[PDB]
Amino acid sequence: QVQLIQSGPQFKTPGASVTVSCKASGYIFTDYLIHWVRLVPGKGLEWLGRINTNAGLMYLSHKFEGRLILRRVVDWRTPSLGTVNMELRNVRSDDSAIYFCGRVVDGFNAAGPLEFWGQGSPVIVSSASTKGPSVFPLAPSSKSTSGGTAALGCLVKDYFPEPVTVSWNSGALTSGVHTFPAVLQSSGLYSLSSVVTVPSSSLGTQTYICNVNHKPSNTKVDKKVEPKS
Amino acid sequence: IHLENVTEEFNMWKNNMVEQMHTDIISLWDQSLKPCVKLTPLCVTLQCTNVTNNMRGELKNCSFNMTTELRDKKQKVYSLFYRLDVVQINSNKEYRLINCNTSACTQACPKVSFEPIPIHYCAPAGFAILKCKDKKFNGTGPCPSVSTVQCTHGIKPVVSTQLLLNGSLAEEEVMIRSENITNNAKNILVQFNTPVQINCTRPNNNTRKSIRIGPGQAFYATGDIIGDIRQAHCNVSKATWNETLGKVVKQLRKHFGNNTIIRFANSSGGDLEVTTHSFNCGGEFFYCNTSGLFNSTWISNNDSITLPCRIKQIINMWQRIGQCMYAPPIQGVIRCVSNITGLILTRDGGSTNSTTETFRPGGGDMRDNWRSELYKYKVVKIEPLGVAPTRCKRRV
Amino acid sequence: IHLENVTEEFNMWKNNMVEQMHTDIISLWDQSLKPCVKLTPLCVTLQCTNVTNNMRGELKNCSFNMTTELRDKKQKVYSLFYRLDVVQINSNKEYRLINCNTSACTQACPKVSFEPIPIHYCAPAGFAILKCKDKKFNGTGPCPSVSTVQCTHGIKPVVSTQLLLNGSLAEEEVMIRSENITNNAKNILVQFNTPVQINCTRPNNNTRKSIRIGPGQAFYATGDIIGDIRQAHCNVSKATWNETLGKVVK
Amino acid sequence: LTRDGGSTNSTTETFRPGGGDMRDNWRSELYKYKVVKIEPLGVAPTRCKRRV
Amino acid sequence: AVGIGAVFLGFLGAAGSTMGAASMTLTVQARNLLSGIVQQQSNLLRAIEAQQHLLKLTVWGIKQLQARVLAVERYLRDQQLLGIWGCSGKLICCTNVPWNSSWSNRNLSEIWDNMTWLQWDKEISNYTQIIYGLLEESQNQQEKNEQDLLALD
Amino acid sequence: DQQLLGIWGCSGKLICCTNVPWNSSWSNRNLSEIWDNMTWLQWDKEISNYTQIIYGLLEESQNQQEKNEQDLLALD
Amino acid sequence: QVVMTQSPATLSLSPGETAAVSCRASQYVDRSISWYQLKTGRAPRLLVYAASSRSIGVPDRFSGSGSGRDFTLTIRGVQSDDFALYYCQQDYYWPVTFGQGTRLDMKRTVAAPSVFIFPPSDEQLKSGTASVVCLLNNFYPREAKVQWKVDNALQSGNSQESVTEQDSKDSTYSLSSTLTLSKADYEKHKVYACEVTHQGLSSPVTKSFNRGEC
Ligand SMILES: *[C@@H]1O[C@H](CO)[C@@H](O[C@@H]2O[C@H](CO)[C@@H](O[C@@H]3O[C@H](CO[C@H]4O[C@H](CO)[C@@H](O)[C@H](O)[C@@H]4O)[C@@H](O)[C@H](O[C@H]4O[C@H](CO)[C@@H](O)[C@H](O)[C@@H]4O[C@H]4O[C@H](CO)[C@@H](O)[C@H](O)[C@@H]4O)[C@@H]3O)[C@H](O)[C@H]2NC(C)=O)[C@H](O)[C@H]1NC(C)=O
Ligand SMILES: *[C@@H]1O[C@H](CO)[C@@H](O[C@@H]2O[C@H](CO)[C@@H](O[C@@H]3O[C@H](CO)[C@@H](O)[C@H](O)[C@@H]3O)[C@H](O)[C@H]2NC(C)=O)[C@H](O)[C@H]1NC(C)=O
Ligand SMILES: *[C@@H]1O[C@H](CO)[C@@H](O[C@@H]2O[C@H](CO)[C@@H](O[C@@H]3O[C@H](CO)[C@@H](O)[C@H](O)[C@@H]3O)[C@H](O)[C@H]2NC(C)=O)[C@H](O)[C@H]1NC(C)=O
Ligand SMILES: *[C@@H]1O[C@H](CO)[C@@H](O[C@@H]2O[C@H](CO)[C@@H](O[C@@H]3O[C@H](CO)[C@@H](O)[C@H](O)[C@@H]3O)[C@H](O)[C@H]2NC(C)=O)[C@H](O)[C@H]1NC(C)=O
Ligand SMILES: *[C@@H]1O[C@H](CO)[C@@H](O[C@@H]2O[C@H](CO)[C@@H](O[C@@H]3O[C@H](CO)[C@@H](O)[C@H](O)[C@@H]3O)[C@H](O)[C@H]2NC(C)=O)[C@H](O)[C@H]1NC(C)=O
Ligand SMILES: *[C@@H]1O[C@H](CO)[C@@H](O[C@@H]2O[C@H](CO)[C@@H](O[C@@H]3O[C@H](CO)[C@@H](O)[C@H](O)[C@@H]3O)[C@H](O)[C@H]2NC(C)=O)[C@H](O)[C@H]1NC(C)=O
Ligand SMILES: *[C@@H]1O[C@H](CO)[C@@H](O[C@@H]2O[C@H](CO)[C@@H](O[C@@H]3O[C@H](CO)[C@@H](O)[C@H](O)[C@@H]3O)[C@H](O)[C@H]2NC(C)=O)[C@H](O)[C@H]1NC(C)=O
Ligand SMILES: *[C@@H]1O[C@H](CO)[C@@H](O[C@@H]2O[C@H](CO)[C@@H](O[C@@H]3O[C@H](CO)[C@@H](O)[C@H](O)[C@@H]3O)[C@H](O)[C@H]2NC(C)=O)[C@H](O)[C@H]1NC(C)=O
Ligand SMILES: *[C@@H]1O[C@H](CO)[C@@H](O[C@@H]2O[C@H](CO)[C@@H](O[C@@H]3O[C@H](CO)[C@@H](O)[C@H](O)[C@@H]3O)[C@H](O)[C@H]2NC(C)=O)[C@H](O)[C@H]1NC(C)=O
Ligand SMILES: *[C@@H]1O[C@H](CO)[C@@H](O[C@@H]2O[C@H](CO)[C@@H](O[C@@H]3O[C@H](CO)[C@@H](O)[C@H](O)[C@@H]3O)[C@H](O)[C@H]2NC(C)=O)[C@H](O)[C@H]1NC(C)=O
Ligand SMILES: *[C@@H]1O[C@H](CO)[C@@H](O[C@@H]2O[C@H](CO)[C@@H](O[C@@H]3O[C@H](CO)[C@@H](O)[C@H](O)[C@@H]3O)[C@H](O)[C@H]2NC(C)=O)[C@H](O)[C@H]1NC(C)=O
Ligand SMILES: *[C@@H]1O[C@H](CO)[C@@H](O[C@@H]2O[C@H](CO)[C@@H](O[C@@H]3O[C@H](CO)[C@@H](O)[C@H](O)[C@@H]3O)[C@H](O)[C@H]2NC(C)=O)[C@H](O)[C@H]1NC(C)=O
Ligand SMILES: *[C@@H]1O[C@H](CO)[C@@H](O[C@@H]2O[C@H](CO)[C@@H](O[C@@H]3O[C@H](CO)[C@@H](O)[C@H](O)[C@@H]3O)[C@H](O)[C@H]2NC(C)=O)[C@H](O)[C@H]1NC(C)=O
Ligand SMILES: *[C@@H]1O[C@H](CO)[C@@H](O[C@@H]2O[C@H](CO)[C@@H](O[C@@H]3O[C@H](CO)[C@@H](O)[C@H](O)[C@@H]3O)[C@H](O)[C@H]2NC(C)=O)[C@H](O)[C@H]1NC(C)=O
Ligand SMILES: *[C@@H]1O[C@H](CO)[C@@H](O)[C@H](O)[C@H]1NC(C)=O
Ligand SMILES: *[C@@H]1O[C@H](CO)[C@@H](O)[C@H](O)[C@H]1NC(C)=O
Ligand SMILES: *[C@@H]1O[C@H](CO)[C@@H](O)[C@H](O)[C@H]1NC(C)=O
Ligand SMILES: *[C@@H]1O[C@H](CO)[C@@H](O)[C@H](O)[C@H]1NC(C)=O
């Protein structure tokens, strides 16, 4: 059994210093190099550095020198247990990523094949503060535009942090629903261009309510719609 | 007694008695602190400012309220501390001692010297120690010449991080040992053919002052410095250091494939006690940044290096989180004159296609200081009964 | 090993090893407390009021002054206590802890559990334990079938008053035994033929809070009770309990 | 259980849940063990004699 | 389980068998009287191992060490007491003290063929401190008689 | 050790001859090479297979010998 | 630093077909390529830890291979959870580097997008801002784009685009595109269009309005 446990998700403001911890268990913790790998969303992975859990020394990707520190905590008693802490100093909004703790393959302490991984800690960096969405109807796109499918939606807009939750008719409508994955805009706030598609027999006569909620603010809103011009 | 005609397998990595020695030193250390004064009244809010009469921003001058022997009476009093002893708890800045959120501290009693005496470990009756005699023995394998002895050499319990000193020297050549070498998580221990000699000093003329905390309890403030203040530092002869590394490199080439670019670098990253060479000199704990020593590269072909130091009054040995202890400021000026015996290296993976041989001063637990001296010993149990056939019978 | 043809007098009342168990358990208990924090600074004057979010009057909510780690600094702080932990020292009512006139107290360390592990008692060399094997043995008389053994059962050191639980039970019948029965000042020990199974609960969603008493010393305050406050209680089946008394009466 | 004397008449058996020192919780589990010291020496007569 | 000859391969298993048949098993009690200390020296352990601080619970091990010194010493006293009777090499001795049948009237058959050792104990425990006195003196003079013989030759 | 060396009927001595015959399945080696070639440390590594057999045979060989002597004294 | 190229950008396969994903290094690296499967919301999973050395606990349908400069992860009988991202990773020189990754996509027949547009909501206009939204729905393959036009002259940098996970029912995807302006910038113009580009279409389907109508 080998097991790595990280800290939960975090929000940080620009210029702050962010700490991610990683508890390590089930094997002789001094005898494998731990590595840190960063998953920037949509992009490929990026490698931060590795730490010699015995000697305590660190080795870093040149790009991160001075701006990054890695540390190790251990006891000579209970060698099956230990910890690594990553401190990324002076964060930017473009440091927004998942930070993964990882460990090398057995007998392979000179390279980067990682066998065991922590659950990954999201670190999102913005100047924003807790705010529920505005709800704007994408009121059904009319027969003078849409043809045989009534496309409609709700532009659930300008909120932070995630998550919002969205449904149509409080979940009684699911056919053709697409809660498009949210974009963290240039404003530092999320937006979610949600839609539902239904037959143009039923443009607004059959019920369409977007049901909206935002657990960080605990804000809750709803909105009915009918066809545009 | 030299055991005629013998040959048997030693192993210093799986050797139990290093663990006994490690465990004993901790126990003897604790009892040497046990009767001394617990400093809890000093965990109090300090007004502070920098020292005046001087580069060094390192000395804080601090004033606070302290108990007298009389429970109802307390006194305004002041002392100096190093910047590493204090945290800004906060106009002037305002402070606490570093330990004061996590433990009390014991002040070490002035009468007890720290200095490491020789210790002998002895075999209990019905057991024998064996000693490997072969001067070319690495840390493992069939030693081809052995002696028994009832008790060891006079091993001295020095404590040090990045390099080891006043310890025993191999006679033949520079020796290097590891539990595997190739696996980077293992240390490489290095032991020298000849010592290389270090001078260290703390040139500030210290005046100690006594504060009476309570009815029979005293605390030893840093009272004043007389004359100018100047940095604690250590020196080594550059020629003899350069010679010594020339010899360690010529050994490492045997394992690392001859024509490979071996090089040294400083102890990258983390906190002060992994990044520095740290040792006690006569009652002061030094922390010195060895990058002046470990900064060189080696293709297959009269003056002193100086390295500066920082000092702490509180220390926390063997990373034991609850066990602060406070070392009183020792009087006057001090210096140490010591033999560097050998050093601890850690390897890094292939830096490029060309080299797999960046080395850095290592560390870990203090335990492999004992594994440096206990490298040739083993312990065995006599099994005196035996049965064998011959041609005699008992009669009835 | 069964000691064939053997038969000899056992007496469980005059037995020495019960007194060694009693003395061991007390000593093992004390040393489990000895490394832990002495709670002395909590013996201080308390301002108090009844709890709000509830029948019970059993919980008091109390506020007091306590030292920080820094000797010269102290804080207003508050916690919940039971009406049995506090005494009125006396406008609002004013209190102290119950013990605070007669002794200090040690806080039990959270990492140490009170759960009872099995313990075996073993004979030193040149002595033997004997075990009476007879399933109708009453604790006093010539046992007609015995074994030696080097070391006992896994005895578990539970502690309880009026009735005793998770211990071992005889296979033949309900056993009842006493040093004399007829003399009222002697107990009767009753051992059942079968268990009867108890469920017990504390239905409060309890919240711990940590207070630093000093430099590295902390006290675990009762912080808050979320949801409804409700009584701790135990259940046992009326049918099998009534049946079990029906057997001890016989 | 603990007993009481004749409660008015007929019954001598109002039983009540008892107690005491915790010691008899151990006497519940240790109800069947005993400890003995071995005496390994013995002397007994038979028809055999040693010679000088 | 229950009977003569069966359980003799275990410690004390003979104890209800009659004295004649029990006389074969004497080595088993003799060995287990001391070497049962394996259940002590295999498992007595101190600080760091299983325990950290609580220091009176390391020094609680005085109970276990005190039992060991009593065990070796009580055994060693038998080897002294068996030795001065001129008998230390053996599990059995014939000796030149005559049986005074005042100590028991019971004939040679019924003692070996009927009684168990636990039954015989309860008779001779009246007289044993006479018998040990006679055995000591019977050897004490025999040592001297032998020294005179080795001399007068 | 002194107990174990005692019950084989051997307590007073550094050396004993004893009445157990050597089964050469315990080692096929001849009487010269065992005394003249090997060290005691080499011999241990063979007989450590069979030692618990040989101790059992020594014990029983003595345990009956005590009784045969008691009868030889009893036939007076 | 070592650059890793993968190809293709995405591999499209039916359940039970066989896969071949290429990776290549900017200079020689000696057999020292790992391959990671990445499933969304979970840590990457190690398939191969040097060329052909399969990880313990990995099913034998995966097999790596390669030289000193180019490499190939191979899968036999692609399964319902093999549709994921795959990254090759290099570590012969520090720092460790990774390719851009390859998506594995469940093959299905060509399907053109259905297409829709919305002007900004009346409440959004009254709030002082204007998002013009365009929906492209249930197309296959994944390759789709919006071109945003204002006064029906083509424009750039004024929009964001979001795309669904792969539809498990029918392999399709949907794209939601959003042009956004201040209400003044929205009312400084008079015409709007979203033009749709997709792998299968006859011509770029364009949905449009004059400002204030759909
Ligand atoms: C002393 O210390 C050393 C260093 O730690 C240690 O050596 C290491 O031994 C391990 C043993 O596992 C070597 O690990 C790899 O083993 C697999 C075997 O795969 C099969 O079996 C496993 C069983 O678990 C299955 O998982 C798997 O599916 C297979 O069925 C090999 O495939 C690996 O191959 C690499 O090493 C070969 C050389 O041994 C190379 O030819 C090959 O290219 C592979 O990559 C190496 O070469 C690259 C190019 O030069 C280089 O850049 C890479 O970094 C890599 O070195 C592999 O053998 C492991 O290789 C050993 N470590 C090193 C650094 O080589 C000793 O075991 C230890 N000894 C003692 C007594 O403690
Ligand atoms: C550290 O801080 C302390 C406390 O502020 C300083 O100690 C005080 O220093 C002043 C002068 O700077 C002393 O006052 C002078 O004393 C002489 C005594 O002969 C007298 O002639 C002068 O008229 C004047 O009074 C003062 O006595 C001294 N002590 C206290 C308790 O205030 C100290 O200077 C700082 N620096 C160092 C290196 O300690
Ligand atoms: C040593 O002990 C003394 C006495 O306890 C401490 O001196 C006192 O410190 C306080 C807090 O800084 C001072 O209070 C201030 O007083 C002014 C004027 O009343 C008020 O405007 C401020 O808001 C503040 O309350 C107080 O004047 C001062 N002196 C006395 C006699 O109380 C001292 O801080 C302790 N430490 C040291 C290093 O001396
Ligand atoms: C210390 O010196 C001894 C020799 O005195 C070194 O012993 C060497 O140990 C290695 C294994 O660690 C041996 O390698 C193995 O050899 C067998 C040959 O049958 C082969 O089958 C295995 O694949 C493996 O190669 C090696 O033979 C042995 N001898 C020598 C001269 O190297 C010991 O390793 C040295 N310690 C260190 C830390 O190097
Ligand atoms: C460690 O190495 C350094 C450098 O070799 C040694 O420093 C030298 O120490 C002497 C004695 O203090 C200095 O002489 C004095 O210099 C001052 C300022 O120039 C002058 O006012 C005095 O009259 C006297 O000449 C010497 O300048 C200094 N050398 C250099 C180049 O800094 C140090 O002594 C060594 N010792 C130890 C114990 O580490
Ligand atoms: C190991 O050796 C390296 C190289 O000798 C050390 O790196 C140096 O670290 C110092 C920290 O004081 C850096 O100094 C600073 O420079 C920047 C401006 O570049 C300034 O903003 C800082 O305030 C500070 O003054 C220095 O740049 C850096 N590199 C060099 C060429 O010196 C490293 O500190 C050594 N580590 C240890 C623990 O010995
Ligand atoms: C390594 O070995 C050196 C050399 O022994 C240690 O340094 C010092 O050695 C000298 C001579 O043994 C000590 O001198 C003595 O000092 C006392 C107290 O002042 C005095 O009464 C004696 O007459 C004699 O002069 C000296 O104290 C000691 N230096 C210190 C400050 O400890 C060194 O301690 C050893 N350990 C290390 C880690 O270097
Ligand atoms: C011991 O550790 C220090 C870092 O803690 C090592 O790095 C040295 O740090 C200093 C201060 O940051 C560097 O100072 C230089 O100052 C000039 C001022 O004009 C500036 O132009 C430079 O950019 C730099 O900041 C110093 O350069 C740096 N050392 C090196 C080798 O560059 C220090 O080296 C360590 N001690 C020894 C004896 O190596
Ligand atoms: C650590 O090793 C590096 C090389 O790996 C050393 O590099 C350079 O060495 C020189 C002489 O030690 C340094 O001093 C300066 O050199 C220039 C040469 O033009 C001279 O004009 C200056 O007056 C001064 O002597 C130089 O700063 C240094 N440069 C760099 C980039 O490190 C380095 O000195 C070594 N450091 C130590 C503390 O061993
Ligand atoms: C036990 O007694 C304590 C202390 O009297 C009570 O704690 C205090 O309760 C009040 C409300 O009755 C809290 O004030 C509220 O705080 C929130 C913070 O978000 C604020 O939104 C409200 O407007 C209001 O100010 C107060 O924070 C709390 N703590 C203290 C130190 O006063 C407690 O209610 C009593 N009962 C229990 C079950 O603890
Ligand atoms: C926590 O510590 C604070 C500060 O020591 C305590 O607050 C103070 O308590 C005293 C005693 O009840 C109050 O004294 C009364 O003041 C009024 C007005 O001056 C006067 O009419 C009364 O005769 C009496 O002297 C005092 O006002 C109060 N506040 C302050 C700022 O001192 C507090 O009692 C402690 N305990 C708790 C649970 O907070
Ligand atoms: C536990 O069970 C044993 C039998 O296994 C009971 O033994 C009985 O003990 C009583 C005294 O407690 C004996 O009574 C005495 O009998 C003689 C007969 O000669 C008479 O003269 C005395 O006056 C007295 O009555 C009784 O004989 C003995 N045996 C039997 C079979 O009852 C023991 O009493 C039980 N203990 C309890 C508390 O149940
Ligand atoms: C011990 O015995 C008591 C009585 O049999 C058990 O209490 C009963 O527990 C159930 C389940 O929690 C209660 O049902 C729930 O009641 C609430 C309020 O009416 C309702 O909102 C829920 O939907 C559900 O029906 C039941 O009311 C309660 N009965 C009584 C009379 O209190 C208890 O659970 C037993 N077990 C334990 C471990 O104590
Ligand atoms: C329980 O112990 C008793 C003695 O206390 C055993 O009873 C009988 O003991 C006699 C000797 O006193 C045995 O007699 C001999 O038996 C053999 C074989 O039958 C025969 O060859 C001899 O001539 C002589 O008669 C007798 O065997 C023995 N058993 C019986 C059933 O009488 C008794 O053996 C022990 N219990 C058990 C279950 O073994
Ligand atoms: C030295 O003192 C000045 C004035 O009190 C202060 O601003 C400065 O921060 C101090 N130096 C350091 C290293 O903090
Ligand atoms: C001294 O250092 C220089 C530079 O590293 C090197 O050329 C020289 O060979 C060294 N001395 C010896 C004896 O190797
Ligand atoms: C409950 O509160 C009232 C008013 O504070 C008090 O008089 C009463 O005694 C309290 N009840 C109990 C049981 O403490
Ligand atoms: C159950 O209790 C009732 C009243 O005490 C009693 O009549 C009945 O006999 C009991 N059950 C049994 C099986 O005795």
# chains A, B, ... in the order shown; residues from 1 in each chain; ligands from 1
>>> residues_near_ligand(ligand="ligand 1", cutoff="7 Å", atoms="only C-alpha atoms and all ligand atoms", output="list in words")
residues 106, 107, 108, 109, 110 and 111 of chain A; 180, 181, 182 and 183 of chain B; 30, 31, 32, 50, 53, 54, 55, 56 and 92 of chain G
>>> write_last_selection(atoms="N, CA, C and O atoms", output="CSV table (one decimal), in the first residue's frame")
chain,number,residue,atom,x,y,z
A,106,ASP,N,9.7,2.6,-8.2
A,106,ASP,CA,10.7,1.9,-7.4
A,106,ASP,C,12.0,1.7,-8.1
A,106,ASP,O,12.1,1.4,-9.3
A,107,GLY,N,13.1,1.9,-7.4
A,107,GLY,CA,14.5,1.7,-7.9
A,107,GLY,C,14.9,2.7,-9.0
A,107,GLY,O,16.0,2.6,-9.6
A,108,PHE,N,14.1,3.8,-9.2
A,108,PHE,CA,14.2,4.7,-10.3
A,108,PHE,C,14.5,6.1,-9.9
A,108,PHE,O,14.1,7.1,-10.6
A,109,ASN,N,15.1,6.3,-8.7
A,109,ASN,CA,15.5,7.6,-8.1
A,109,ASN,C,16.4,8.6,-8.8
A,109,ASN,O,16.9,9.5,-8.2
A,110,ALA,N,16.5,8.4,-10.1
A,110,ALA,CA,17.3,9.3,-11.0
A,110,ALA,C,16.6,9.9,-12.2
A,110,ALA,O,17.2,10.5,-13.1
A,111,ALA,N,15.2,9.8,-12.2
A,111,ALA,CA,14.4,10.2,-13.3
A,111,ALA,C,13.0,10.6,-12.9
A,111,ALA,O,12.7,10.8,-11.7
B,180,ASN,N,24.5,1.7,-1.4
B,180,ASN,CA,24.5,1.3,-2.8
B,180,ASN,C,25.2,2.2,-3.8
B,180,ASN,O,25.5,1.8,-4.9
B,181,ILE,N,25.6,3.4,-3.4
B,181,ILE,CA,26.1,4.5,-4.3
B,181,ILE,C,25.0,4.9,-5.4
B,181,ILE,O,24.6,6.0,-5.4
B,182,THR,N,24.7,4.0,-6.3
B,182,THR,CA,23.9,4.3,-7.5
B,182,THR,C,22.5,4.9,-7.2
B,182,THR,O,22.0,5.8,-7.9
B,183,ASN,N,21.8,4.4,-6.1
B,183,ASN,CA,20.5,4.9,-5.7
B,183,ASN,C,20.7,6.2,-4.9
B,183,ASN,O,21.1,6.2,-3.7
G,30,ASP,N,17.7,8.7,-24.4
G,30,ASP,CA,18.0,7.2,-24.5
G,30,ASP,C,16.8,6.4,-23.9
G,30,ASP,O,16.8,6.3,-22.6
G,31,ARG,N,15.8,6.0,-24.6
G,31,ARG,CA,14.7,5.1,-24.2
G,31,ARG,C,13.9,5.7,-23.0
G,31,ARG,O,13.1,4.9,-22.4
G,32,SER,N,14.1,6.9,-22.6
G,32,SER,CA,13.7,7.5,-21.3
G,32,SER,C,12.4,8.4,-21.5
G,32,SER,O,12.5,9.6,-21.2
G,50,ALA,N,9.6,3.4,-19.0
G,50,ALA,CA,10.7,3.6,-20.0
G,50,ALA,C,10.2,2.9,-21.3
G,50,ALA,O,9.3,2.1,-21.2
G,53,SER,N,8.7,-0.7,-21.1
G,53,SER,CA,8.5,-1.2,-19.7
G,53,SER,C,7.1,-0.8,-19.1
G,53,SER,O,7.0,0.3,-18.6
G,54,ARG,N,6.1,-1.7,-19.3
G,54,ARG,CA,4.8,-1.4,-18.8
G,54,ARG,C,4.8,-1.3,-17.3
G,54,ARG,O,5.5,-2.0,-16.6
G,55,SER,N,4.0,-0.4,-16.7
G,55,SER,CA,3.8,-0.2,-15.3
G,55,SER,C,3.2,-1.5,-14.7
G,55,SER,O,2.3,-2.1,-15.4
G,56,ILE,N,3.5,-1.8,-13.5
G,56,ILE,CA,2.7,-2.8,-12.7
G,56,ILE,C,1.2,-2.4,-12.7
G,56,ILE,O,0.9,-1.2,-12.7
G,92,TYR,N,15.5,12.6,-19.6
G,92,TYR,CA,16.9,12.3,-19.9
G,92,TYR,C,17.8,13.5,-19.6
G,92,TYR,O,18.9,13.4,-19.0
>>> residues_near_ligand(ligand="ligand 14", cutoff="10 Å", atoms="only C-alpha atoms and all ligand atoms", output="PyMOL selection string")
(chain C and resi 4-6) or (chain E and resi 1-6+14-21+109-116)
>>> residues_near_ligand(ligand="ligand 17", cutoff="7 Å", atoms="only C-alpha atoms and all ligand atoms", output="ChimeraX atom specification")
/C:49-50,57-58
>>> residues_around(residues="residue 51 of chain C", least_positions_apart="3", cutoff="9 Å", atoms="only C-alpha atoms", output="PyMOL selection string")
chain C and resi 54+57-61+80
>>> write_last_selection(atoms="N, CA and C atoms", output="mmCIF file, in the first residue's frame")
data_model
loop_
_atom_site.group_PDB
_atom_site.id
_atom_site.type_symbol
_atom_site.label_atom_id
_atom_site.label_comp_id
_atom_site.auth_asym_id
_atom_site.auth_seq_id
_atom_site.Cartn_x
_atom_site.Cartn_y
_atom_site.Cartn_z
ATOM 1 N N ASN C 54 -31.994 24.107 22.701
ATOM 2 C CA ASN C 54 -32.753 22.875 22.942
ATOM 3 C C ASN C 54 -33.965 22.784 22.000
ATOM 4 N N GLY C 57 -31.867 20.969 31.756
ATOM 5 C CA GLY C 57 -31.132 22.134 32.270
ATOM 6 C C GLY C 57 -29.660 21.797 32.562
ATOM 7 N N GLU C 58 -29.166 20.691 31.999
ATOM 8 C CA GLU C 58 -27.897 20.048 32.352
ATOM 9 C C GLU C 58 -26.658 20.740 31.799
ATOM 10 N N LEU C 59 -26.783 21.620 30.810
ATOM 11 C CA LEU C 59 -25.647 22.291 30.182
ATOM 12 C C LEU C 59 -25.602 23.762 30.572
ATOM 13 N N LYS C 60 -24.454 24.201 31.087
ATOM 14 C CA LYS C 60 -24.156 25.604 31.355
ATOM 15 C C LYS C 60 -23.067 26.087 30.424
ATOM 16 N N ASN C 61 -23.209 27.331 30.005
ATOM 17 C CA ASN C 61 -22.324 28.029 29.099
ATOM 18 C C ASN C 61 -21.570 29.078 29.904
ATOM 19 N N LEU C 80 -18.672 25.235 27.093
ATOM 20 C CA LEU C 80 -19.816 24.535 27.676
ATOM 21 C C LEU C 80 -19.365 23.466 28.682
#
>>> residues_around(residues="segment 191-208 of chain B", least_positions_apart="2", cutoff="7 Å", atoms="only C-alpha atoms", output="PyMOL selection string")
chain B and resi 169-176+189+210+220-226+229-236+240-241+329-343
>>> select_by_dssp(residues="chain G", states="strand (DSSP E or B)", output="NGL selection string")
:G and (4-7 or 10-13 or 18-25 or 33-38 or 45-48 or 54 or 62-63 or 66 or 70-76 or 85-90 or 97-98 or 102-106 or 111 or 114-118 or 129-140 or 144-150 or 153-155 or 159-163 or 173-182 or 191-198 or 206-210)
>>> residues_near_ligand(ligand="ligand 16", cutoff="9 Å", atoms="only C-alpha atoms and all ligand atoms", output="PyMOL selection string")
chain B and resi 238-247+296-298+301
>>> interface_residues(of="chain A", to="chain B", cutoff="8 Å", atoms="only C-alpha atoms", output="PyMOL selection string")
chain A and resi 30-33+52-59+69-72+75-76+107-111
>>> residues_near_ligand(ligand="ligand 3", cutoff="8 Å", atoms="only C-alpha atoms and all ligand atoms", output="number ranges by chain")
B: 45-47, 62-65, 75-78
